[PDB]
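Summary of the model geometry
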Amino acid sequence: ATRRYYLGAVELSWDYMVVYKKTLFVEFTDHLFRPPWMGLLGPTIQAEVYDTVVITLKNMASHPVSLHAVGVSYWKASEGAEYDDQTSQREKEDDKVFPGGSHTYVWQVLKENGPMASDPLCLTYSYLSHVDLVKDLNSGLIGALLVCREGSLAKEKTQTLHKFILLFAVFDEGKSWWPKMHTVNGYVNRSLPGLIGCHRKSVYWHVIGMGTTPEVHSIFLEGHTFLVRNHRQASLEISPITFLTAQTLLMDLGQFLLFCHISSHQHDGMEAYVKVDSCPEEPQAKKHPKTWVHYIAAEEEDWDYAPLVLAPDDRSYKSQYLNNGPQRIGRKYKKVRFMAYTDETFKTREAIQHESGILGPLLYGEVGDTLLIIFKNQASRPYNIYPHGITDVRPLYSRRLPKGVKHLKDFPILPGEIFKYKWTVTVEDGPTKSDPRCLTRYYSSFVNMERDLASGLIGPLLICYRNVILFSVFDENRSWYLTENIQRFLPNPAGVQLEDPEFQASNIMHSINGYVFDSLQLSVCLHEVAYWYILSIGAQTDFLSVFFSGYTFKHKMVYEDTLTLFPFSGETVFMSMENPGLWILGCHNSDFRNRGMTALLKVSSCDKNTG
Amino acid sequence: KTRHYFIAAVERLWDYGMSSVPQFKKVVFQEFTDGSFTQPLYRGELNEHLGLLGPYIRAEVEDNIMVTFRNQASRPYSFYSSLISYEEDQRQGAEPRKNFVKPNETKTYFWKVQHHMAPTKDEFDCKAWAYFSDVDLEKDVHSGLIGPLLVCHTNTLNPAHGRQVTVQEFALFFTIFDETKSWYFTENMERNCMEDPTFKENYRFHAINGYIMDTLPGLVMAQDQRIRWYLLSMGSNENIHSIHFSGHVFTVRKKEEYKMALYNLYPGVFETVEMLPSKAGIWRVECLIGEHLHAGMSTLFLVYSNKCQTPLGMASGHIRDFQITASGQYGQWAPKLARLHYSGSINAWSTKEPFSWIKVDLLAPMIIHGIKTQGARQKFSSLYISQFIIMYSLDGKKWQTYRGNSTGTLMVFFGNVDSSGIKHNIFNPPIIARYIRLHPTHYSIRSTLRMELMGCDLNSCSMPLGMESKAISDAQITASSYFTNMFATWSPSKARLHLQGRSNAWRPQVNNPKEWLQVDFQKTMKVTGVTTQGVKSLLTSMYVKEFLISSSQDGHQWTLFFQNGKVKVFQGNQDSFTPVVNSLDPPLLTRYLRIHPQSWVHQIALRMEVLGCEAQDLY
Ligand SMILES: *[C@@H]1O[C@H](CO)[C@@H](O[C@@H]2O[C@H](CO)[C@@H](O[C@@H]3O[C@H](CO[C@H]4O[C@H](CO[C@H]5O[C@H](CO)[C@@H](O)[C@H](O)[C@@H]5O)[C@@H](O)[C@H](O)[C@@H]4O)[C@@H](O)[C@H](O[C@@H]4O[C@H](CO)[C@@H](O)[C@H](O)[C@@H]4O[C@H]4O[C@H](CO)[C@@H](O)[C@H](O)[C@@H]4O)[C@@H]3O)[C@H](O)[C@H]2NC(C)=O)[C@H](O)[C@H]1NC(C)=O
Ligand SMILES: *[C@@H]1O[C@H](CO)[C@@H](O[C@@H]2O[C@H](CO)[C@@H](O[C@@H]3O[C@H](CO[C@H]4O[C@H](CO)[C@@H](O)[C@H](O)[C@@H]4O)[C@@H](O)[C@H](O)[C@@H]3O)[C@H](O)[C@H]2NC(C)=O)[C@H](O)[C@H]1NC(C)=O
Ligand SMILES: *[C@@H]1O[C@H](CO)[C@@H](O[C@@H]2O[C@H](CO)[C@@H](O)[C@H](O)[C@H]2NC(C)=O)[C@H](O)[C@H]1NC(C)=O
Ligand SMILES: [Ca+2]
Ligand SMILES: [Ca+2]
Ligand SMILES: [Ca+2]
Ligand SMILES: [Cu+2]
Ligand SMILES: [Cu+2]
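- This entry, as listed in the PDB, derives from X-ray crystallography and reports a resolution of 4.1900 Å.

Below, the structure is given as structure tokens:
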């Protein structure tokens, strides 16, 4: 036999080392009576191209569980599907197996089934059961299947074992059989072992998304940048059901954490720890960087998302947002932004452009360049200044930490003070050969991670080998200056609806770069090529962002994508855009009420000014 | 250079079923000569697959899309895409100045299909942008329309004739259909008998090109022929639809060549992929989101083999006489007469001058690559059919005028121009119906025909293996016992259909109710059926009338066929001369096969072929 496997279907219980019972995939030598990190997964089966496998699943279950293949070739024998395929019996036989029934599957690694060679060695697919998908998969009906370039496994003895299978799974335990789950390979709260890798050696992630509902995730690794498409991802955006082969460089040592970052997801699970140790050893001018300087500060001011036509009362869609009424505080709220401030210590650099609203100073990083954020918290509550994207961030003058605390972002939060920061850029942090240059980044105030941001503190960091559009949602309600806002604009002095649906979301504006329904207009002259660094923040759910003008517009991430871009939220990527378009531009929040509630903006087609 | 399309928004009714019937009034896109209404709004055959989708507006790099547009519904709409581009302007404005079209109003959009609207050196001979109606980005779109635009590089899509053709194109578009947020009372109020929980899920279709559950139609595939797929996806945030091509994988380009077996449509994204279905048959393509599947969003592409072709036996036995039907024929030249059947006076069907229809019940739905037409002489005067169209259906409810390739309203076929014409007309792309009708258009002083349509079965099976074609070894064939005498040697090896020679048949040494003839296929095989025969040798005629079939995957163990419980008696061949054929309804599949005569006339004797298709070796 080229290669063969024996699967079971055994019903075992599960504690996510809460107790739950599940009917999952099992393997043996040939009937009878693993490695922990794998945990839940039905065993990862893998074949070189040309060589072809056979399972013989035994349904040692209550459930009649079938075996679908998602990425090889069959004959209506291999697939586990019953559908009106007019093939009849013996050929639907394994196209869904019976309880107690031990029936046999065949499949092939066709020369065409194989990776492209622009592709990574071993393309991650998986398997499952095509017999009530929701009633199935939940309870453990998912394994990992991988096909690889021909002279393939032979290398594995030579090759890296750094082949870890990451199963990101939202098991709605309460199907096939009370509330949900969010596991990573079948663990919840930072549970689970394995996940060790070598120090200067890199690790590869065989990633599997798992849904059974429109459920979405965005999963990072504590201070670590992902490589997937050969474009640095930094995010591992992960759709309802995806297959992804990613890699991680693994510089430095110790315990860092991968984890789903969203809203309620962490309160459900989806975070787990990845150790790196040191490993056993076995040998058988015209150029260069300069460093950036930024005298910057967090000062406070009121923000007005205005002004255009005010359409009162009956405009119970429009006005409700930005009209001062008996229980509403439109347009203007008190915020805190970053300013590069003009008149103060370590002089300055300050002039504002209307075109980026709240958005902070733009901070530019060329690989190997350093940054010098001489930051001061100019106003009120103590706030922090940390850049998502770079890595070597320690106060200049010392690798020491304020004695008191861990990772500066965590704490020393400077309430009336001034702190001097250094953002050294490595090539690691920077764009690859493949990704377009100047990948988009942002920086916030990690006084926690979210709470302040909403208040109004945010700006754009470019990393490179400058029109910026940040979509964002400003909650206002979680904003620090709510007390100061309620008691400045609302008609009754203090006493009023403590909280309510009516006003809650009536004080969550949909930004457009912290600008509202129509703003900006923007100043681009025809035929000027731009680079459009755009990003979502604020509240989450995917994004759908597009340009809709006198040329609608099309842009290129590599191959040109159209009336579409999709920032994952709390996330960002950037865009080249030839401008031979034309004037007046719907600029897309694009999605749902998101569209009705806050999107618009515009574009131009001026010409004839030169320098 | 340049291309124009004549396109318009219609309001029409949408249904599914095949399981109270839900009838919905959504608004879609159609294309016609420019005659506004009564004529001409026609498209069909291969393009079924779009369904709700507006038609393929295909252009090249460089050239122009001109797109005339006519709204015919209550609330004004607009043809817009990403590329509705150059609008140079002159103190007149641009974007809101041609924004929308009122009902009955009529506008033409026309732009230069720039490079920035194109496929790159990074491959795929075509891209796949999308057209919507703006005005309401969500409302109208949900209710009514969506269109697939595709631009390709230079000498790419065929002159005058259609578009592309090197390769087959398909735009499967995936979405959730909420309704209610789309169209109002005329939609909402109909079937009245109440806002979100109660039946809200019921209005929501999860539908490929607007066909919930397995309803989607047009998936003529064709084994081993590059197929480009267009996956443009749309709707709200729920639809991240993770489409999967059942046990097929495809490639995509985007600065490189990536292989993958499912790709996710972020609403708005579209995309293009190429794959070649190595194995033919029916297969699924679905979003693999569990919830989203059992709510619909699954369809079957129904790929055929090219090397499948065979007569369905209008000449031979398999076709029985009851199968046919006619307008009613003047003269006794009744149908039941078609192809090569020259007997005495009567050899064909033949009506008088008024327009007619010879329809054929295939008794099952089936694929058909082409028909062979006939005419006959009587009284010197030459009788034939000169020109005709084919109609086809599955249930006898639906009917369809077949177009295939032919530019315009349909393809008319060219019949014979004489008695004994033999015109193999060809149906690529091919028909799928159980029911083929035939309407004549031209004739010579009368209408009249013999015919024998040729196709292959819905699966790509039903084909002869070795035996007659001699491809199976007379080393491979064995039998229980045989009649060997000096000279004459009725060897098992001679059991091959339509073979003429010394000792041209099989014969068991002397007769037994239970004997056997066997065939060492070698490979493990599927068997559609068996064509059976009989031989006359020197004025004595002999044939096998009743028979029983064994099969084994086991050299020494055998399992008799059993039908409807009981083991079954096979009826065929009342004569030596002719061969007749047995269906084998649930097809036994084995490496080795055996056959036992029961009622054998005069003497036992057999020639035969087997029918079938290859299944995996070593299992
Ligand atoms: C109605 O519409 C349909 C489609 O919507 C059209 O029918 C299609 O017709 C086209 C063109 O007539 C058909 O394509 C023909 O195919 C044959 C043989 O098939 C080829 O592919 C087979 C599989 O191999 C694949 O992989 C190969 C690489 O390993 C690759 O080359 C190949 O393309 C395949 O992808 C295999 O049998 C062979 O490999 C074979 O090539 C082909 O011979 C036809 O002719 C070629 O034409 C090009 C361009 O001129 C030449 O460069 C080639 O050398 C071939 O030359 C042929 O024509 C010349 C004369 O010009 C002749 O001298 C020579 O002998 C060859 O015959 C052609 O490409 C397609 O399969 C049909 N599809 C369908 C669905 O019906 C029609 O427009 C129309 N048809 C009707 C009947 O009404
Ligand atoms: C994994 O870690 C999770 C957190 O990191 C754990 O979740 C929490 O722990 C349990 C299980 O959910 C809860 O225990 C009680 O829950 C109530 C109510 O929970 C919240 O939601 C209700 C909804 O109305 C709301 O009314 C409450 O105010 C809560 O916001 C709590 O009030 C009790 O204090 C009590 O803890 C926790 O609630 C829940 N977290 C929160 C924020 O409540 C989870 O148990 C871990 N699971 C495993 C398997 O390890
Ligand atoms: C455009 O659409 C309406 C249909 O609502 C048109 O009404 C029809 O006009 C054509 C003229 O060719 C006639 O065939 C029909 O008799 C009309 N239908 C009716 C009256 O129900 C009308 O021409 C246009 N509408 C408006 C408002 O001008
Ligand atoms: Ca099977
Ligand atoms: Ca099947
Ligand atoms: Ca914060
Ligand atoms: Cu999550
Ligand atoms: Cu889906």
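Continuing now.
Overview of the UniProt feature "disulfide bond" in chain A
Residue and element names in this part refer to chain A.
- Between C122 and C148, where UniProt annotates a disulfide, the S-S separation is 1.8 Å; being under 2.5 Å, the link is counted as present. With a gap of 26 residues between them, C122 in the loop between β6 (105-107) and β7 (123-127) and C148 in strand β8 (residues 143-148) connect regions that are remote in the sequence.
- In this model the UniProt disulfide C198-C279 is closed, its S-S distance of 2.0 Å falling under 2.5 Å. Of this pair, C198 sits in the loop between β11 (196-197) and β12 (203-210) while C279 sits in the loop between β18 (271-276) and β19 (294-304), and the two are 81 residues apart along the sequence.

Here we look at a nonpolar patch on the surface
- A cluster of nonpolar side chains, contributed by B:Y184, B:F185 and B:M189, occupies part of the molecular surface with about 370 Å² of accessible area.
- Position of B:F185 among the secondary structure elements: in helix α2 (residues 185-188).

Here's the deal with the coordination of the copper ion (ligand 7)
Residue and element names in this part refer to chain A.
- Distances from the copper ion (ligand 7) to its protein donors, namely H217 (ND1), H217 (NE2), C260 (SG) and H265 (ND1), fall within the range 1.9 to 2.7 Å.
- Around the copper ion (ligand 7), the four donor atoms are arranged such that angles at the metal cover 50 to 125°; this shape is classified as irregular.
- Every donor residue of the copper ion (ligand 7) comes from the same chain, spaced as H-x42-C-x4-H. On the criterion of sequence distance, the pair formed by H217 in strand β13 (residues 217-221) and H265 in the loop between β17 (254-260) and β18 is long-range, its members being 48 residues apart. Per residue, the accessibility class of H217 equals that of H265, and both read buried.

Considering the coordination of the calcium ion (ligand 6)
- At this site the calcium ion (ligand 6) is bound by A:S445 (O), A:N448 (OD1) and A:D452 (OD), with donor distances of 2.6 to 3.1 Å.
- Donor residues binding the calcium ion (ligand 6) come from one chain and are separated in sequence as S-x2-N-x3-D.

Side note on the site of ligand 1
All names here are of chain B.
- Residues in close proximity to ligand 1 include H161, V165, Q168, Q225, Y304, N405 and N428, which together make up its full environment.
- Contact with the protein chains removes 24% of the 1400 Å² of surface that ligand 1 exposes when unbound.
- Looking at the shell around ligand 1, its residues break down into two nonpolar, five polar and no charged.

Things to note about the interface of chain B and chain A
- Contacts between the two partners involve 78 residues from chain B, matched on the other side by 68 residues from chain A.
- Summing both partners gives a buried area of about 6800 Å² for chain B against chain A, and 60% of it is carried by carbon and sulfur.
- Applying the counting criterion to the chain B and chain A interface returns three salt bridges.
- Two residues, B:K259 and A:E112, come together in a salt bridge whose shortest N-O distance is 3.3 Å.
- Between the two partners, chain B and chain A, sit 29 residue pairs in polar contact.
- Elements with a contribution of two residues or more to the side of chain B that touches chain A: β5 (80-81), β14 (242-245), β16 (257-260), β17 (262-264), β19 (281-287) and α4 (290-294) of chain B.
- Per-element tally for the side of chain B that touches chain A: the top contributor is α4(B), with five residues.
- Per-class residue counts for the side of chain B that touches chain A are 31 nonpolar, 23 polar and 24 charged.

Some remarks on the sheet that holds strand β12 (residues 211-212) of chain B
All names here are of chain B.
- Taken together, the three strands give an open sheet; going across it, the order is β10-β11-β12, and neighbouring strands pair in antiparallel fashion. Either end of the sheet is taken by a strand with one partner, and the two such strands are β10 (174-177) and β12.
- The sheet contact formed by β10 and strand β11 (residues 205-208) spans four bridges and is antiparallel. Along β11, the bridge assignment pairs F174 with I208.

Focus on the nonpolar core
- Membership of the largest hydrophobic core comes to 218 residues, with the highest contact counts inside it found for A:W107, A:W205, A:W532, B:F79, B:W111, B:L172 and B:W229.
- With six residues, strand β9 (residues 163-169) of chain A is the largest single contributor of residues to this core.
- With sequence-adjacent residues up to four places away left out, A:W532 is seen in contact with A:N467, A:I469, A:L522, A:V524, A:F547, A:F574, A:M575, A:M577 and A:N579.
- Formed by 33 residues, the second largest nonpolar core is a distinct cluster that contains A:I390, A:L408, A:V425 and A:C464.

Overview of the domain arrangement of chain B
All names here are of chain B.
- Segmenting chain B into domains produces domain 1 (3-303), domain 2 (309-455) and domain 3 (461-619).
- For domain 1 and domain 2, the distance between their C-alpha centres works out to 37 Å.
- With seven residues of domain 1 in contact, the opposing surface of domain 2 contributes nine residues.
- The contact between domain 1 and domain 2 buries some 630 Å² in all, and 50% of this surface belongs to carbon and sulfur atoms.
- Contact with domain 2 buries area across many residues of domain 1, yet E45, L46 and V220 alone supply 66% of it, more than any other trio.
- Taken together, the residues of the side of domain 1 that touches domain 2 sort by class into two nonpolar, two polar and three charged.

Here we look at the sheet that holds strand β38 (residues 534-536) of chain B
All names here are of chain B.
- Here three strands make up an open sheet; going across it, the order is β38-β39-β44 and the pairing antiparallel. What marks the edges here is a single partner per strand, and that holds for β38 and β44 (600-601).
- For β38 and strand β39 (residues 541-544), the ladder comprises three bridges, and the chain directions are antiparallel. By the bridge assignment, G534 is partnered in β39 with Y543.

Some words on the UniProt feature "disulfide bond" in chain B
All names here are of chain B.
- With an S-S distance of 2.0 Å, the disulfide that UniProt assigns to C126 and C152 is formed in this structure. Highlighted residues: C126 in the loop between β6 (106-112) and β7 (130-132) and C152 in strand β8 (residues 147-152), separated in sequence by 26 residues.
- Take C152: its relative accessible area is 0%, and that puts it in the buried class.
- Between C461 and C613, where UniProt places a disulfide, the sulfurs come within 1.9 Å of each other, which fits a bond. Of this pair, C461 sits in the loop between β33 (454-455) and β34 (477-479) while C613 sits in strand β46 (residues 613-614), and the two are 152 residues apart along the sequence.
- Classification of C613 by relative accessible area gives buried; the value is 12%.

Parameters and conventions
- Residues numbered from 1 in each chain as written, not as in the entry; some residues may be left out.
- Chains lettered and ligands numbered in written order.
- Heavy atoms only, no water.
- Disulfide = S-S within 2.5 Å.
- UniProt positions renumbered as here; feature names shortened; annotations may be inferred.
- Helix = DSSP H or I, 4+ residues; strand = E, 2+ residues; numbered from the N terminus.
- Patch = residues over 30% accessible without salt bridge, like charges linked within 9 Å, V, L, I, M, F, W, Y side chains within 5 Å.
- Areas by Shrake-Rupley, 256 points an atom, 1.4 Å probe, with all protein chains shown as cover.
- Salt bridge = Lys/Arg side-chain N within 4 Å of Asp/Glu carboxyl O.
- Donors = N, O, S within 2.8 Å, 3.2 Å for Na, K, Ca; no water.
- Tetrahedral: all angles 85-135°; square planar, octahedral: opposite > 155°, others 65-115°.
- Buried < 20%, exposed > 50% of the residue type's maximum accessible area, 1.4 Å probe, protein only.
- Near = heavy atom within 4 Å.
- Nonpolar A, V, L, I, M, F, W, Y, C, P; charged D, E, K, R; others polar.
- Contact = heavy atoms within 4.5 Å.
- Buried area = accessible area lost by both parts, 1.4 Å probe.
- Polar contact = N/O pair within 3.5 Å; in protein donor to acceptor, adjacent residues only side chain to side chain.
- Pairing = 2+ DSSP bridges.
- Core = buried A, V, L, I, M, F, W, Y, C linked by side-chain atoms within 4.5 Å.
- Domains from an automatic or database assignment.

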